[PDB]
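[1] Structure for the following, please:
(one chain, ligands or ions: 5)
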Amino acid sequence: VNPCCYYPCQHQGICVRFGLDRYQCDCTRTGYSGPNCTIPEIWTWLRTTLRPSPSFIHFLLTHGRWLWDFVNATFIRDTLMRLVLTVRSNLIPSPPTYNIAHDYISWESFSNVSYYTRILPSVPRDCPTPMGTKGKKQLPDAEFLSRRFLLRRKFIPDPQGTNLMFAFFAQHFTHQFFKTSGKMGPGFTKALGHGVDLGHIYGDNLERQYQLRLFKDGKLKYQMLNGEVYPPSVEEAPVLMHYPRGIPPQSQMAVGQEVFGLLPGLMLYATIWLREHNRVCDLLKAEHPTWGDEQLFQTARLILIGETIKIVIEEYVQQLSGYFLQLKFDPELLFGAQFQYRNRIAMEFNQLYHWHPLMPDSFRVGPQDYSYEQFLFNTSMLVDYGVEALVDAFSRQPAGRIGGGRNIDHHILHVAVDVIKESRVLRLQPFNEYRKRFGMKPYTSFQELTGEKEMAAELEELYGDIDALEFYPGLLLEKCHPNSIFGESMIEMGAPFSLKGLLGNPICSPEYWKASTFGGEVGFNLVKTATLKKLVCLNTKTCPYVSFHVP
Ligand code: HEM
Ligand SMILES: *[C@@H]1O[C@H](CO)[C@@H](O[C@@H]2O[C@H](CO)[C@@H](O)[C@H](O)[C@H]2NC(C)=O)[C@H](O)[C@H]1NC(C)=O
Ligand SMILES: *[C@@H]1O[C@H](CO)[C@@H](O)[C@H](O)[C@H]1NC(C)=O
Ligand SMILES: *[C@@H]1O[C@H](CO)[C@@H](O)[C@H](O)[C@H]1NC(C)=O
Ligand SMILES: CC(=O)ONC(=O)c1ccccc1O
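    Numbering: from 1, shown residues only. Ligands and ions are numbered 1, 2, ... in the order given. Structure as follows:
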């Protein structure tokens, strides 16, 4: 039998088949040696024995308010942020490694970017079981597993007080780089650029961008309604949008991300950013009167990418982490370090980001409470209430807890189901194996996994062996910290993926991080000082309560 099915190689060592039945682990640069890369090197042993547990670190980061307040105001802040930035990233490989077609390095894997990459090779198609060596011959019925462990029974709010403003941001944001090609199958992505390219505002292809663009003052096309500014209609911006048959082009808003029409929350953020883009153009023009359309546009896009990356690090991630340490966005922190300014979206990263539990039972907008069947495709609510109106409403309603289990609304539970199904087609490796990839002890029992005995008990009869527990279910059912939005694994695995994909951008490089790049000091500060509040209020008549945290 395929020896690599036993996943013999520890610590990032590579399992290669040799002869008819042998195998060898390439322990190059893994820090360990031996047949399976288990014998540590002197420095490696020290490092691994002198590293406080993930939970301990988390502890230190979420306590000592008085302490941090003092640290955050010194240089230690920067020092730690850099540590975080670097340490966390070195986990994600770059240049990227494998994809759904190759479980080994290949020039194509590195060239063909329609491919999502993956951190761990697939479970060899010829292993005794679906997960490799352990578990039953057939995995739990996807749907059952979902109804039994992910379906929300009673709404469980996120203890960290995260709101829908955050939720919808997360959705809007991720959908600029998570765009699975329906025409190519799983593992493929129409979101080339694999990162924060703001393709969800400008489009994933030129023609579409060109269509979305006004080609005057560098501005982006738009339309006026009730005296306010909203994205143009599909009749004026003949772009392709995914709306249900029966809705005329004059009722569809063209934005950059085809799917964004299927939720006011999305189209909301779409409007906000469009608004901003246009505004930045104005700013740039006052400064550079000799500039043409292209450059005004091109520059304005770089500024928004900067802003986006800023707001995500200092307010969005901050929100999630709940850290007392003040996260900081400063491309310079890495100028001394060894870092590759490029990113390649991983399928595992895609899985992990399905945060559907955030969605509420219903959507409250003031005295009015809207249902899914009232929200999901409402092509007027946005224009009816207005940007400010919604931002105030979404900032006040709490999002649901992500980790914990049984907290996904039925209206959208069908997704978590496909996520599991897709996982198997992608032949993702076992949860534990991924745990190790991200420097964590594998779980020994389902009862160590979940914080309890009853659910674990059932998961055990179903999966057979904790070592068969799949990637997504593991992330979503794993026990949660004291009162955090999710578990250890979610943080330990996701943080690397998110920090790398944030700093691994060309504008974060020393070659790009110049003021000239953003049209001078004016444009540069726009980035250096961007904030969720400003992003909203500097583009709306009134200023509502805006924040990722419910008041
Ligand atoms: C009312 C709210 C929401 C609805 C109706 C919804 C619906 C969907 C649907 C239908 C898919 C496609 C999968 C399929 O064809 O079965 C999807 C994918 C996804 N959703 Fe949600 N979603 C919602 C909220 C969210 C939120 C809050 C997040 C968190 C950031 C999120 C993240 C994702 C991700 C990452 C994907 C994968 C996209 C891809 O692979 O291209 N969704 N969602
Ligand atoms: C990236 O890889 C995919 C799959 O390896 C390529 O698509 C396949 O192309 C071959 C020959 O053109 C066809 O026989 C298949 O039908 C295609 N399959 C899919 C999934 O579309 C794709 O051409 C590659 N992209 C580039 C530009 O290199
Ligand atoms: C290497 O791993 C294989 C499979 O798990 C095992 O049979 C073998 O005993 C291991 N060798 C060492 C020295 O750990
Ligand atoms: C859309 O929302 C408005 C209020 O924003 C409501 O009056 C109307 O009934 C909704 N239409 C739908 C989708 O049922
Ligand atoms: C210190 C650090 O990396 O924080 N990151 C996160 O909390 C984080 C962000 C996005 C997704 C999952 C996460 O766990």
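[2] can we go C-alpha only for contacts and neighbour counts from here?
    Will do.
[3] tell me how far stretch 394-409 is from the chain's mean position?
    Going by C-alpha atoms, centre = their mean, to the nearest Å, the spacing between the C-alpha centre of stretch 394-409 and its chain's C-alpha centre is 17 Å.
[4] And ligand 4, is that stretch touching that?
    No. Using C-alpha under 6 Å from any ligand atom, stretch 394-409 stays clear of ligand 4, with a minimum separation of 13.6 Å.
[5] Could you give me the buried positions within that stretch?
    By neighbour count on 16 or more other C-alpha atoms under 10 Å, the buried set for stretch 394-409 is 394-409.
[6] Show me what secondary structure element comes after the top helix by length along the chain.
    The residue-count maximum for a helix in the chain (DSSP state H) belongs to helix 264-287. Scanning forward in sequence from helix 264-287 by DSSP states H and E, the next helix or strand is helix 293-311.
[7] and for the helix or strand following that next one, what are the contacting residues?
    Sequence-wise, the next helix or strand downstream of helix 293-311 (DSSP H and E) is helix 318-321. Helix 318-321 has contacts (C-alpha atoms under 8 Å, 6 or more residues apart in numbering) with 160, 162, 326-327, 485, 548-549.
[8] and which of the buried residues of stretch 394-409 is nearest residue 112?
    The closest of these to residue 112 turns out to be residue 402 (C-alpha to C-alpha; 33.4 Å).
[9] So residue 35 is in contact with residue 22, correct?
    No. Using C-alpha atoms under 8 Å as the test, residue 35 is too far from residue 22 to be in contact (11.7 Å).
[10] Looking at those two, which has the bigger crowd around it?
    Per other C-alpha atoms under 10 Å, whichever of residue 35 and residue 22 has more neighbours is residue 35, with 16 against 12.
[11] out of everything not next to it in sequence, what's closest to that one?
    Using C-alpha to C-alpha, 6 or more residues apart in numbering and skipping residues adjacent in sequence, the residue nearest residue 35 is residue 25, 6.4 Å away.
[12] swap in residue 331?
    Residue 331's closest residue in space is residue 508 (C-alpha to C-alpha, 6+ apart), at 5.0 Å.
[13] swap in residue 492?
    Closest to residue 492 by C-alpha to C-alpha, 6+ apart is residue 438, at 6.5 Å.
[14] and the one you found, what does it touch?
    91, 492-493.
[15] and which of these is nearest ligand 4?
    Proximity of the contacts of residue 438 to ligand 4 (C-alpha to the nearest ligand atom) peaks at residue 493, which lies at 38.2 Å.
[16] In space, what's closest to that closest one - neighbours in sequence excluded?
    residue 438 (5.8 Å).
[17] Residue 71 now?
    residue 77 is the one closest to residue 71 (C-alpha to C-alpha, 6+ apart), at 5.9 Å.
[18] which residue does the protein bring closest to ligand 4?
    For the chain, C-alpha to the nearest ligand atom, closest residue to ligand 4: residue 381, 3.3 Å.
[19] contacting residues for that residue?
    residue 264.
[20] What separation is there between it and residue 265?
    Note on residue 381: its distance to residue 265, by C-alpha to C-alpha, to the nearest Å, is 10 Å.
[21] Likewise for residue 437?
    35 Å.
[22] Get me the contact residues on the protein for ligand 5.
    Residues of the chain lying near ligand 5 by C-alpha under 6 Å from any ligand atom: 317, 320-321, 490-492, 494-495, 498.
[23] would CSV of those residues with neighbour count and distance to ligand 2 be doable?
    Below are these laid out as CSV (neighbours: other C-alpha atoms under 10 Å; distance: C-alpha to the nearest ligand atom, whole Å):
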residue, neighbour count, distance to ligand 2
317, 17, 33
320, 18, 35
321, 20, 37
490, 21, 30
491, 16, 32
492, 16, 31
494, 18, 27
495, 19, 28
498, 21, 25
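[24] And for the residue in the stretch 401-550 of the chain positioned nearest to ligand 3, the neighbour number?
    Here the stretch 401-550 of the chain gets closest to ligand 3 at one residue, residue 433, 13.0 Å apart by C-alpha to the nearest ligand atom. When neighbours are defined as other C-alpha under 10 Å, residue 433 has 22 of them.
[25] Give me the nearest residue to it, chain neighbours excluded.
    Per C-alpha to C-alpha, 6+ apart, closest to residue 433 is residue 442, 7.1 Å.
[26] Assign the closest residue to ligand 3 within the chain to helix, strand or coil.
    Residue of the chain nearest ligand 3, by C-alpha to the nearest ligand atom: residue 8 (4.4 Å). Following DSSP: H, G, I helix; E, B strand; the rest coil, residue 8 is assigned to coil.
[27] Let me see the contact set for it.
    Neighbours of residue 8 in contact, by C-alpha under 8 Å, 6+ apart: 15, 25, 36.
[28] Among these, find me the one that's closest to ligand 1.
    Closest to ligand 1, out of all of those and judged by C-alpha to the nearest ligand atom, is residue 15, at 28.8 Å.
[29] Give me the buried positions along stretch 348-355.
    For stretch 348-355, by 16+ other C-alpha under 10 Å, it's 348-352, 354-355.
[30] what about residue 343, how many residues close to it?
    23.
[31] residues contacting it?
    94, 194-195, 500-501, 504-505.
[32] and what of residue 105?
    Here residue 105 is in contact with 97-98 (criterion: C-alpha under 8 Å, 6+ apart).
[33] Assign a three-state SS to it, would you?
    Under three-state DSSP, residue 105 comes out as coil.
[34] Please report how far it lies from residue 94.
    Residue 105 is 12 Å from residue 94, by C-alpha to C-alpha.
[35] can you list residues touching both of the two?
    With the criterion set as C-alpha under 8 Å, 6+ apart, the contacts of residue 105 and residue 94 do not overlap.
[36] about what we covered before: which ones among the contacts of helix 318-321 are found in strands?
    Cross-referencing these against strands under DSSP state E gives no overlap.
[37] My guess is residue 350 contacts residue 179. True?
    No. At 9.2 Å, residue 350 does not count as touching residue 179 under the criterion of C-alpha under 8 Å.
[38] Run through who's touching the helix or strand hosting residue 78.
    Assigned by DSSP H and E, residue 78 belongs to helix 76-89. With C-alpha under 8 Å, 6+ apart as the test, helix 76-89 has contacts from 71, 325-328, 333-334, 337, 495-497, 499-500.
[39] ok, now stretch 232-244?
    Residues contacting stretch 232-244 (C-alpha under 8 Å, 6+ apart): 208, 211-212, 221-223, 249-255, 257-259, 261-262.
[40] List only those of those flagged as buried.
    By 16+ other C-alpha under 10 Å, these give 208, 211-212, 221-222, 249, 252-255, 257-259, 261-262 as buried.
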